[PDB]
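Contents: one structure, followed by commentary.
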Amino acid sequence: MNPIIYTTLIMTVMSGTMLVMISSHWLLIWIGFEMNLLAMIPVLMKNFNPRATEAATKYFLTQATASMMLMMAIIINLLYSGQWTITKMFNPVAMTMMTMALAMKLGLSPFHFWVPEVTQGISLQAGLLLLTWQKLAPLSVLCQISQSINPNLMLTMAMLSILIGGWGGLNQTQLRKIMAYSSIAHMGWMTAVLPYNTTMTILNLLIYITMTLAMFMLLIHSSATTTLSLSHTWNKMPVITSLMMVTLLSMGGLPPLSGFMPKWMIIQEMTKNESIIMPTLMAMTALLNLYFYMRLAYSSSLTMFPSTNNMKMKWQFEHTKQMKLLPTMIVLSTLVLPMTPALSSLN
Amino acid sequence: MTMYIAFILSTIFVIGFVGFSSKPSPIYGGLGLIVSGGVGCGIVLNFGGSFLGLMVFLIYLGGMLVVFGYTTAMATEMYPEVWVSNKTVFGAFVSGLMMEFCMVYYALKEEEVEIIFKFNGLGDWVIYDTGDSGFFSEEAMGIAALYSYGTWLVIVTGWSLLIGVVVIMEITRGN
Amino acid sequence: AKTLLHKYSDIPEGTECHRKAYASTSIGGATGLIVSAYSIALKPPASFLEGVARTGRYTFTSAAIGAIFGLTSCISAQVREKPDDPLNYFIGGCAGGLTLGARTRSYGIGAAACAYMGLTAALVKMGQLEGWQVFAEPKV
Amino acid sequence: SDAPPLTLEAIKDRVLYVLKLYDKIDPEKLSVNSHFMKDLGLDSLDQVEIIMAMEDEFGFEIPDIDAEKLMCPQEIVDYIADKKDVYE
Amino acid sequence: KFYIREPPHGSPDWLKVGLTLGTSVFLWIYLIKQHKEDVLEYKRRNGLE
Amino acid sequence: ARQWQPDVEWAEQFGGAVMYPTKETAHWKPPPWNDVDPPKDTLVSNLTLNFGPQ
Amino acid sequence: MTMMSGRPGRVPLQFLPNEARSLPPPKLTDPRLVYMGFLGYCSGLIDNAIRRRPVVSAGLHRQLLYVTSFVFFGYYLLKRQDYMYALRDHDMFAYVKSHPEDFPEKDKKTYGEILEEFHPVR
Amino acid sequence: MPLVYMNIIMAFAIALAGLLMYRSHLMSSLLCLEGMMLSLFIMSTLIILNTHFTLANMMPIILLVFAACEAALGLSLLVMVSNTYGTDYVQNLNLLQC
Amino acid sequence: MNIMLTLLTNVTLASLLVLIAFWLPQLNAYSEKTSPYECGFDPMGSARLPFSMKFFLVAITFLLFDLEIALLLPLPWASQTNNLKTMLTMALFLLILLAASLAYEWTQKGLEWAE
Ligand SMILES: CCCCCCCCCCCCCCCCCC(=O)OC[C@H](COP(=O)([O-])OCC(O)COP(=O)([O-])OC[C@@H](COC(=O)CCCCCCCCCCCCCCCCC)OC(=O)CCCCCCCCCCCCCCCCC)OC(=O)CCCCCCCCCCCCCCCCC
Ligand SMILES: CCCCCCCCCCCCCCCCCC(=O)OC[C@H](COP(=O)([O-])OCC(O)COP(=O)([O-])OC[C@@H](COC(=O)CCCCCCCCCCCCCCCCC)OC(=O)CCCCCCCCCCCCCCCCC)OC(=O)CCCCCCCCCCCCCCCCC
Ligand SMILES: CCCCCCCCCCCCCCCCCC(=O)OC[C@H](COP(=O)([O-])OCC(O)COP(=O)([O-])OC[C@@H](COC(=O)CCCCCCCCCCCCCCCCC)OC(=O)CCCCCCCCCCCCCCCCC)OC(=O)CCCCCCCCCCCCCCCCC
Ligand SMILES: CCCCCCCCCCCCCCCCC[C@@H](O)O[C@H](CO[C@H](O)CCCCCCCCCCCCCCC)COP(=O)(O)OCC[N+](C)(C)C
Ligand SMILES: CCCCCCCCCCCCCCCCC[C@@H](O)O[C@H](CO[C@H](O)CCCCCCCCCCCCCCC)COP(=O)(O)OCC[N+](C)(C)C
Ligand SMILES: CCCCCCCCCCCCCCCCC[C@@H](O)O[C@H](CO[C@H](O)CCCCCCCCCCCCCCC)COP(=O)(O)OCC[N+](C)(C)C
Ligand SMILES: CCCCCCCCCCCC(=O)SCCNC(=O)CCNC(=O)[C@H](O)C(C)(C)COP(=O)(O)O
């Protein structure tokens with residue numbers, strides 16, 4: 001792929017997302033989704049191999065079905081009220097269709113099956129883009145129509161997402177599938193609090209995006225895609241493994257790290273609405289994500305796995321390409337808990 | 001009640017959808033989609049959408065020619081399937097036919113809300129407007145307003161078309 | 001739908017044990033049917049008849065669990081003259097757990113199901129009494 | 001999981017099943033130790049056909065130099081066991 | 001010592017160093033003046049001084 | 001004496017295609033080191049045509 | 001679910017309305033600003049460590065830029081957060097004032113006339 | 001609602017069901033996607049014509065445009081899939097698991 | 001109403017011609033007469049085998065270029081608007097983007113058939 005072509009494709013993806021963000025008309029939001037998918041399919045296939053082709057095909061099928069359901073919901077809403085503005089849907093059937101379509105776009109359970117496969121089939125850069133930037137548009141649409149959310153369906157999908165993310169992550173040795181299941185669980189956390197406080201949803205999205213960017217950049221810097229490949233990093237760059245262990249602890253929600261701030265806030269917000277059982281179950285379930293993060297930390301930085309002889313050669317060479325935003329991303333992923341009240345700036 | 005021409009057309013539309021959704025060989029699926037496109041063009045013509053119906057018919061004819069070529073290239077088998085050569089295909093076709101029959105019967109014999117809402121039928125002619133004025137067609141004016149009102153739509157559509165050309169070229173490169 | 005749960009909850013706790021058992025059996029059968037549908041969709045049974053058998057065993061297990069729980073809880077409530085008591089729900093839940101263990105023919109499964117299902121049923125009864133909400137409305 | 005751990009007994013049963021399906025062999029005068037040319041009175045081409053049936057049954061090709069040595073059901077059993085790495 | 005070009009030579013890139021230092025200095029001066037103006041506006045609006 | 005550190009046998013627990021190996025996933029194979037599978041010998045047949053005699 | 005985004009008279013993308021100038025600006029020695037500078041310094045140290053440079057002394061201009069950028073952004077973030085909390089308090093007080101029937105004042109009794117139950121510890 | 005509206009909505013439901021239940025060929029699923037788009041076009045056109053929403057008359061055309069893009073996208077992917085396997089059967093797309 | 005009658009008449013006439021052609025003459029059908037034609041000989045393979053498309057990329061591009069026709073057909077009515085400058089700008093911009101798409105595919109060897 002030409003660098004100019006790749007830049008144009010990335011700009012088209014971002015401009016489709018922004019068109020979704022800035023539109024007041026349902027047709028323009030649908031157009032933004034369509035443009036985003038059209039430009040995003042080639043990016044998944046930059047490095048050509050059968051696995052990338054399969055991931056692109058699965059992604060296209062899922063997103064096209066979601067787009068068709070999205071348009072059907074829009075058309076039913078127009079039928080029952082001659083309105084195109086994205087304010088609040090006037091038909092419960094259209095609302096159910098829209099909720100299911102946006103859940104399929106986000107990958108919430110039980111529409112989660114494509115996320116680990118597509119993440120495993122693409123490179124780490126494509127995985128970073130897919131798991132960070134692709135969540136903005138459906139979440140923005142869901143935030144705009146939050147007052148029309150049926151709480152039962154949304155909360156059921158969120159709880160299923162948390163549970164399934166934990167259970168699926170428990171079984172993985174590939175790092176991309178671990179990241180995908182973490183994404184599913186975090187998306188469940190994001191959508192659990194949506195019918196109550198969209199500011200908490202935005203804060204959770206920001207924290208998750210920062211930690212995911214740090215994780216994927218640390219995985220690109222130490223070019224590992226499996227657990228055993230990552231077990232070799234300590235013998236070449238120990239600082240990377242130490243920072244990765246701290247970031248993994250933050251992703252587990254352990255205080256006083258940054259990852260604790262969203263869940264905490266979400267929990268307290270839910271208790272303001274006499275929701276007690278569900279936050280308790282969600283936290284006890286996120287314990288599973290913490291468990292497999294700790295397993296990765298055990299294999300990567302807290303113990304020293306055996307290495308190979310050829311590693312000596314790698315001792316003689318540095319990294320020619322540096323990621324400029326990795327240190328800031330790590331610091332934001334760990335030490336921003338004392339700045340918690342700043343969330344008032346988000347509303 | 002008046003000859004229910006629109007109802008017959010919509011029934012044939014649903015039948016063609018059942019035909020290509022039971023998924024026989026893509027030759028017959030394309031045939032069913034062509035039939036559905038022509039009949040939907042007829043429906044829209046009956047409701048006053050001459051340009052939109054003709055355009056959708058033309059667009060789907062071109063797309064189905066491309067689909068036929070691609071089916072002969074990469075979607076063929078030794079014995080292509082018809083709606084009666086397979087237990088699964090015939091079962092799906094029959095199930096769709098009787099499902100449409102049941103929906104129609106529960107619609108025109110009594111008032112019942114299947115999924116979204118309920119109604120009695122009575123033919124489309126009731127809900128018209130009897131608007132009596134004009135030396136033009138409102139559909140043509142609304143479509144032509146795209147170049148004066150819909151500048152933003154034209155911009156985004158043209159950008160998406162150019163990007164789609166670039167995208168197909170990028171995808172089919174291989175290597 | 002929630003109409004099945006409303007049909008179960010409309011009957012008073014210690015009255016009309018047959019109707020309450022029938023309602024709980026209906027709820028269990030629906031749950032088992034949904035479980036069978038997902039199992040067939042994600043784990044194909046290699047033949048139509050084996051899929052039918054899997055659906056039958058799943059649905060009968062779930063319906064038997066529901067029937068046993070409802071009957072036992074209603075009978076315990078009416079015999080003890082203690083409605084609005086989580087003990088009856090605990091007894092019914094353990095009866096359903098023993099039913100599941102006998103179905104799977106496992107002693108450990110039976111004991112664990114008794115304990116956990118009884119705890120869950122007692123918790124549900126407590127939530128019914130004190131008005132605990134699972135899906136809270138957005139009050140603030 | 002894949003096919004169960006094929007044993008010597010199942011291999012021997014399959015070999016005799018496809019050997020008794022051959023029309024030029026008396027179904028009861030055949031034994032595991034019977035020599036094709038001597039006891040069964042077969043020719044070289046009959047032996048080649050038997051090896052073709054063996055290849056069809058056990059799903060793997062047999063070269064000519066080896067097939068010239070398989071001269072009774074027991075030799076076929078030993079060859080199949082060696083090729084499939086079966087100890088029992 | 002080294003046998004290769006060693007892009008970092010005995011001298012540092014004075015252009016980049018100057019740009020970085022100038023950016024920091026300008027940001028600090030801008031912050032100082034903005035805080036001064038904010039204090040003055042707050043006092044004028046609330047009638048303190 | 002020295003601190004215990006993982007060895008090869010300890011390391012191979014994390015080298016399979018999946019944690020918790022069952023009988024169904026025992027035949028699963030880890031993906032290739034680069035994300036490139038070997039090409040399949042799916043030879044595309046040409047079309048054979050009789051041109052003439054008539 | 002969206003409390004303050006629909007407030008009347010809200011300019012879409014300002015980040016700092018004019019009325020926020022009526023509030024006292026945060027002091028430049030604000031402990032939150034000092035923590036922001038500390039975060040910038042930590043980012044600079046991690047930048048040195050990742051690039052395999054002397055952690056404490058490698059690029060002094062880079063650490064200075066890190067700290068300055070973090071402090072610069074943190075000042076305006078603190079201003080916006082303070083303004084939002086002030087807006088919340090203003091709206092709450094106005095709503096309480098405009099609805100006296102929902103926030104009644106009831107006379108408070110002294111503990112000598114309120115009967116509290118005693119639970120012995122034994 | 002007229003019975004024509006119910007027929008069009010049922011057509012969309014049938015096309016969605018046909019897409020969600022896969023046989024071997026991917027081309028059939030692509031055709032189901034196209035049928036879904038056609039039913040959406042018909043439904044929106046009927047609503048806009050009945051309500052005499054003049055400026056919305058250009059809405060269905062835009063729909064068609066993006067339909068084409070989607071169609072093209074699908075066909076592109078199909079080509080590559082065939083090039084890998086000599087077939088468009090969806091059971092060959094199983095290198096990745098959950 | 002008239003167009004429906006015309007279509008029915010034309011289809012009826014064609015079907016009646018087919019019926020006459022199939023029921024009037026004397027038919028003698030045997031296996032050699034009805035065999036497939038390959039100029040003297042039995043075909044080696046099936047005619048249902050895959051048949052490679054060397055112009056597949058142009059076929060896909062035809063799909064995208066067919067919708068520019070939909071976008072450009074309302075131009076005679078669009079020419080009657082009061083703000084002719086905006087309409088002319090948008091029409092010229094759309095045609096320019098179409099020409100740019102054609103040029104991009106041409107220069108990237110996208111119009112050359114596969115070998
Ligand atoms: C607006 C939004 C709404 C949208 C939705 C609206 C949809 C409307 C459109 C409806 C019109 C139809 C359109 C045509 C679509 C194209 C279909 C197609 O191409 O099939 C390809 C598909 C695969 O193609 P293939 O590769 O050629 O087939 C190879 C073999 O099939 C496979 O090889 P094998 O033989 O080796 O495999 C073993 C065997 C395995 O087969 C089995 O094991 C299935 C047998 C289960 C029997 C169930 C027990 C009976 C009792 C339950 C009744 C409940 C009440 C009981 C109350 C208490 C009882 C005392 O076959 C299977 O694996 C098939 C499994 C899938 C079964 C059907 C899927 C349904 C959901 C899955 C759950 C299954 C039922 C569980 C119970 C759920 C609750 C009823 O073919 C099929 O699998 C089924 C044949 C197609 C005919 C069925 C289509 C009708 C269903 C339409 C949707 C449901 C109703 C719609 C609305 C109604 C209410 C609103
Ligand atoms: C914090 C500090 C420390 C606290 C924590 C630590 C201490 C507490 C926890 C540790 C101990 C508790 C663990 C529970 C036992 C788990 C058993 C197990 O895992 O089975 C798997 C295990 C493997 O399953 P499998 O591989 O599928 O089957 C192969 C079998 O090995 C093949 O087996 P088999 O063919 O040879 O024969 C099996 C068969 C026949 O087995 C036999 O031959 C022996 C018969 C055993 C049945 C009961 C014992 C009879 C003799 C004493 C009778 C009671 C004396 C007085 C009790 C009241 C005291 C006033 O079993 C039966 O038929 C059972 C029928 C049930 C009738 C009685 C049920 C009464 C349950 C509770 C009674 C007491 C309530 C508590 C009162 C406390 C007073 C303050 O099955 C067994 O081998 C054991 C099965 C026998 C069950 C013994 C349970 C009695 C102990 C009391 C349990 C109640 C406490 C737990 C509360 C929740 C209960 C639902
Ligand atoms: C709560 C209140 C506030 C608390 C503050 C927050 C916590 C501390 C600050 C955190 C961030 C700051 C430092 C992080 C970047 C440093 C990078 C680094 O690697 O350090 C190496 C570096 C030494 O390397 P070198 O000099 O270039 O030469 C040695 C070679 O490089 C040879 O080195 P090597 O790379 O070849 O050695 C290999 C080694 C390399 O591995 C490492 O070096 C580990 C680095 C981990 C990065 C920390 C994560 C990012 C920050 C998150 C902190 C979380 C805190 C929450 C609690 C959880 C604790 C984990 O790998 C291993 O040995 C494997 C160990 C695995 C065991 C698991 C533990 C690892 C994570 C533990 C992190 C603990 C927190 C940070 C504590 C400070 C660490 C320097 O350490 C330093 O010199 C920096 C320390 C600070 C000095 C500046 C202080 C200012 C000067 C004094 C002025 C007084 C100020 C007040 C004025 C008053 C007027 C008088
Ligand atoms: C903020 C940074 C700016 C540059 C980057 C912006 C990125 C987005 C792309 C372009 C922005 C779109 C703005 C144009 C919106 C159109 C509406 C506005 O401009 O008015 C039009 C004015 O017409 C202008 O000529 C618009 C045409 C300008 C755009 C054409 C070329 C620019 C396209 C560049 C990006 C597109 C993709 C890449 C192409 C190479 C029509 O108004 P008018 O007709 O008076 O009255 C209509 C009301 N009536 C009906 C009641 C009478
Ligand atoms: C990891 C911690 C989070 C880091 C977040 C990224 C930090 C860098 C971002 C770069 C700063 C520029 C962002 C915006 C500046 C100007 C844009 C401004 O106009 O936007 C306003 C909005 O202001 C911004 O949203 C504020 C961004 C501040 C984010 C930081 C808060 C993080 C919470 C606490 C964590 C501590 C962070 C420490 C920082 C180093 C418009 O408001 P409005 O259009 O009406 O709201 C739209 C959404 N509504 C309607 C649904 C409500
Ligand atoms: C240009 C457009 C306008 C055209 C208008 C005319 C349209 C004509 C359509 C087709 C007719 C042309 C065919 C020529 C005569 C028809 C003969 C055939 O169709 O029927 C025969 C009739 O055969 C029937 O199977 C047996 C007759 C019994 C069935 C008739 C049912 C009712 C009759 C009961 C007797 C009581 C009278 C009731 C009526 C008043 C079958 O002959 P068959 O050998 O196969 O086919 C070869 C025909 N050959 C010999 C001419 C080459
Ligand atoms: C469908 C219609 C098909 C009909 C057409 C068939 C056309 C094919 C014709 C092919 C003719 C040939 O190849 S001609 C075959 C080539 N020549 C020979 O085979 C003779 C020399 N071989 C011997 O003498 C051996 O000793 C021997 C007697 C075999 C003892 O075999 P055993 O070691 O076992 O004992």
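FYI, nothing fancy with the structure tokens labels: chains A, B, ... in order, residues from 1 per chain, ligands from 1 as they appear.
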
Which residues of chain C are close to chain G, meaning at most 10 Å apart when you count only C-alpha atoms, and how do they look as number ranges by chain? C: 138-140

Keeping only C-alpha atoms, write the selected residues to a file as a PDB file, in the first residue's frame.
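Saved the output as selection-v2.pdb:
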ATOM      1  CA  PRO C 138     -32.766   5.952  36.078  1.00  0.00           C
ATOM      2  CA  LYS C 139     -34.134   7.864  39.054  1.00  0.00           C
ATOM      3  CA  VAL C 140     -31.356  10.491  39.207  1.00  0.00           C
TER       4      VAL C 140
END

In chain C, DSSP alpha helix (DSSP H) residues written as a ChimeraX atom specification: /C:2-10,17-42,48-80,86-104,107-130

Could the residues that lie within 7 Å of ligand 4, counting only C-alpha atoms and all ligand atoms, be listed as a list in words? residues 148, 149, 151, 152, 155 and 159 of chain B; 83, 86, 89, 90 and 93 of chain I

Write the selection just made, keeping C-alpha atoms, as an mmCIF file, in the first residue's frame?
data_model
loop_
_atom_site.group_PDB
_atom_site.id
_atom_site.type_symbol
_atom_site.label_atom_id
_atom_site.label_comp_id
_atom_site.auth_asym_id
_atom_site.auth_seq_id
_atom_site.Cartn_x
_atom_site.Cartn_y
_atom_site.Cartn_z
ATOM 1 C CA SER B 148 -29.090 23.267 -4.711
ATOM 2 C CA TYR B 149 -30.139 22.108 -1.229
ATOM 3 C CA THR B 151 -24.465 20.305 -1.387
ATOM 4 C CA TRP B 152 -23.220 18.427 1.692
ATOM 5 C CA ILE B 155 -19.809 16.213 -1.377
ATOM 6 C CA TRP B 159 -15.942 11.407 -1.796
ATOM 7 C CA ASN I 83 -29.054 29.478 -7.715
ATOM 8 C CA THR I 86 -24.229 26.336 -6.750
ATOM 9 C CA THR I 89 -20.446 23.942 -9.115
ATOM 10 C CA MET I 90 -21.849 20.722 -7.651
ATOM 11 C CA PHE I 93 -17.453 18.761 -8.980
#

Contacts with ligand 2 at most 7 Å, only C-alpha atoms and all ligand atoms counted, listed as a PyMOL selection string: chain C and resi 105-108+111-112+114-115

Dump as a PyMOL selection string the residues of chain I that approach chain H to within 10 Å, counting only C-alpha atoms. chain I and resi 50+56-57+59-68+70-71

Just need the residues of chain I within 6 Å of chain B, counting only C-alpha atoms, so spit them out as an MDAnalysis selection string. chainID I and resid 48 50:53 74 77:78 87 101

Atom 94 (C, counted along the ligand's line) of ligand 1 to CA of residue 42 (chain H) measures 23.6 Å

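The two atoms in question, atom 31 (O, counted along the ligand's line) of ligand 7 and CA of residue 41 (chain D), are spaced 13.0 Å apart.
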
Please identify the residues whose atoms come within 7 Å of ligand 1, using only C-alpha atoms and all ligand atoms, and report them as a ChimeraX atom specification. /B:18,21-23,88-89,91-93,95-96,99 /C:33-34,36-38,40-41,44-52,55 /H:10,12-14,16-18,21-24

Just the residues within 10 Å of residue 68 (chain D), please, counting only C-alpha atoms, with nothing from its chain fewer than 3 positions along; format it as number ranges by chain. D: 44, 47-48, 51, 63-65, 71

Residue neighbourhood residue 125 (chain B), 12 Å, only C-alpha atoms, exclusion window fewer than 4 positions, as a list in words: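 In the requested format, the answer is residues 1, 2, 3, 4, 5, 6, 7, 46, 47, 121, 129 and 130 of chain B; 1, 2, 3, 4 and 50 of chain H.
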
Write the residues of the selection above to a file with N, CA, C and O atoms, as a compact mmCIF listing (two decimals), in the first residue's frame.
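The file below, out23.txt, is the result:
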# COMPACT_ATOMS: atom_id res chain seq x y z
N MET B 1 -59.75 -1.88 -1.74
CA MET B 1 -60.64 -2.88 -2.31
C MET B 1 -60.52 -2.88 -3.83
O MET B 1 -60.83 -3.87 -4.49
N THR B 2 -60.05 -1.76 -4.38
CA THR B 2 -60.12 -1.49 -5.81
C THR B 2 -59.02 -2.26 -6.54
O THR B 2 -57.92 -1.75 -6.77
N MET B 3 -59.33 -3.51 -6.88
CA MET B 3 -58.52 -4.41 -7.69
C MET B 3 -57.23 -4.85 -7.00
O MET B 3 -56.52 -5.71 -7.52
N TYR B 4 -56.94 -4.28 -5.82
CA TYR B 4 -55.77 -4.63 -5.02
C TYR B 4 -54.53 -4.91 -5.86
O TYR B 4 -53.81 -5.88 -5.61
N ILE B 5 -54.28 -4.06 -6.87
CA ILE B 5 -53.11 -4.24 -7.72
C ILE B 5 -51.83 -4.08 -6.92
O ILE B 5 -50.87 -4.85 -7.07
N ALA B 6 -51.79 -3.07 -6.05
CA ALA B 6 -50.61 -2.85 -5.22
C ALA B 6 -50.36 -4.02 -4.28
O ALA B 6 -49.21 -4.39 -4.03
N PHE B 7 -51.43 -4.62 -3.73
CA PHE B 7 -51.27 -5.78 -2.87
C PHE B 7 -50.69 -6.97 -3.64
O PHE B 7 -49.83 -7.69 -3.12
N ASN B 46 -46.91 2.93 -9.23
CA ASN B 46 -48.31 3.06 -8.85
C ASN B 46 -48.52 4.11 -7.77
O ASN B 46 -49.58 4.73 -7.72
N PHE B 47 -47.54 4.32 -6.89
CA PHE B 47 -47.65 5.37 -5.88
C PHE B 47 -47.15 6.72 -6.37
O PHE B 47 -47.15 7.69 -5.60
N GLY B 121 -55.96 -3.22 6.57
CA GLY B 121 -55.76 -3.36 5.14
C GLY B 121 -56.46 -2.27 4.36
O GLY B 121 -55.96 -1.15 4.25
N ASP B 129 -53.97 11.69 -0.91
CA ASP B 129 -54.01 13.09 -0.50
C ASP B 129 -54.92 13.98 -1.33
O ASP B 129 -55.28 15.06 -0.86
N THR B 130 -55.33 13.55 -2.52
CA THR B 130 -56.08 14.34 -3.51
C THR B 130 -55.60 15.80 -3.55
O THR B 130 -56.34 16.75 -3.33
N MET H 1 -51.81 0.99 9.10
CA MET H 1 -50.86 0.86 8.00
C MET H 1 -51.43 0.00 6.88
O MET H 1 -52.03 -1.04 7.13
N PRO H 2 -51.23 0.43 5.63
CA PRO H 2 -51.63 -0.41 4.50
C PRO H 2 -50.96 -1.77 4.55
O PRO H 2 -49.95 -1.98 5.23
N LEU H 3 -51.54 -2.71 3.81
CA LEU H 3 -50.98 -4.05 3.73
C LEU H 3 -49.68 -4.07 2.93
O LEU H 3 -48.87 -4.98 3.10
N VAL H 4 -49.48 -3.07 2.07
CA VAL H 4 -48.23 -2.95 1.33
C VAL H 4 -47.06 -2.70 2.28
O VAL H 4 -45.97 -3.24 2.08
N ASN H 50 -45.81 9.11 0.30
CA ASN H 50 -47.10 9.27 0.96
C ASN H 50 -47.17 10.55 1.77
O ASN H 50 -48.19 11.25 1.75

Can you tell me which residues come within 6 Å of ligand 5 when counting only C-alpha atoms and all ligand atoms, ideally as a PDB file with C-alpha atoms, in the first residue's frame?
ATOM      1  CA  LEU A 206     -11.247   7.810  27.724  1.00  0.00           C
ATOM      2  CA  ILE A 207      -9.510   5.744  30.410  1.00  0.00           C
ATOM      3  CA  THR A 210      -5.537   5.446  27.072  1.00  0.00           C
ATOM      4  CA  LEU A 332      -1.982   8.655  31.997  1.00  0.00           C
ATOM      5  CA  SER A 333      -2.688   4.912  32.219  1.00  0.00           C
ATOM      6  CA  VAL A 336      -4.229  10.075  37.136  1.00  0.00           C
ATOM      7  CA  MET A 339      -7.051  14.161  39.325  1.00  0.00           C
ATOM      8  CA  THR A 340     -10.425  12.377  39.491  1.00  0.00           C
ATOM      9  CA  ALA A 342     -11.602  16.781  36.583  1.00  0.00           C
ATOM     10  CA  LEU A 343     -14.390  14.563  35.197  1.00  0.00           C
ATOM     11  CA  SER A 345     -15.069  19.123  32.832  1.00  0.00           C
ATOM     12  CA  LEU A 346     -16.490  16.267  30.720  1.00  0.00           C
ATOM     13  CA  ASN A 347     -20.123  17.255  31.347  1.00  0.00           C
TER      14      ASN A 347
ATOM     15  CA  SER G   5     -25.277  19.465  28.077  1.00  0.00           C
ATOM     16  CA  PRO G  12     -21.365  24.313  21.758  1.00  0.00           C
ATOM     17  CA  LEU G  13     -17.556  24.112  21.701  1.00  0.00           C
ATOM     18  CA  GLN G  14     -16.204  26.862  23.961  1.00  0.00           C
ATOM     19  CA  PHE G  15     -14.504  24.916  26.817  1.00  0.00           C
TER      20      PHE G  15
END

Excluding residue 73 (chain C) and residues on its chain fewer than 2 positions from it, collect all residues at most 7 Å away from it, counting only C-alpha atoms, and give them as a list in words.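 Neighbouring residues, sequence-local ones excluded: residues 69, 70, 71, 75, 76, 77, 88, 89, 91 and 92 of chain C.
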
Test item: residues at most 6 Å from region 59-67 of chain G, only C-alpha atoms, excluding those fewer than 5 positions along its chain, as a PyMOL selection string: (chain E and resi 24) or (chain G and resi 37+40-41+44)

Show me which residues sit within 12 Å of ligand 6 when counting only C-alpha atoms and all ligand atoms, and put them as JSON, numbers by chain. {"I": [9, 10, 11, 12, 13, 14, 15, 16, 17, 18, 19, 20, 21, 22, 23, 24, 25, 26, 27, 28]}

What does the list of residues within 6 Å of ligand 3 look like if you count only C-alpha atoms and all ligand atoms, written as number ranges by chain? A: 238-239, 242-243, 246, 301-302, 334; G: 42, 45-46, 49, 54-56

So, with only C-alpha atoms as the atoms that count, which of G:92, G:58, G:77, G:23 lies closest to chain A?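 When distances to chain A are compared using only C-alpha atoms, the smallest one comes from G:77.
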
Show me, as a Markdown table, the residues of chain D having an atom within 12 Å of chain F, each with the closest atom pair and its distance in Å, using only C-alpha atoms.
| residue | atom | partner | partner_atom | distance |
| --- | --- | --- | --- | --- |
| D:1 | CA | F:24 | CA | 4.8 |
| D:2 | CA | F:27 | CA | 7.8 |
| D:3 | CA | F:27 | CA | 11.4 |
| D:4 | CA | F:23 | CA | 11.6 |

Residues within 12 Å of residue 27 (chain G), please, as JSON, numbers by chain. Count only C-alpha atoms; anything in the same chain fewer than 4 positions from it doesn't count. {"E": [31, 32, 34, 35, 36, 38, 39], "G": [31, 32, 33, 34, 71, 74, 75, 76, 78, 79]}

Residue among G:113, G:99, G:94, G:84 lying closest to residue 341 (chain A), counting only C-alpha atoms: G:84
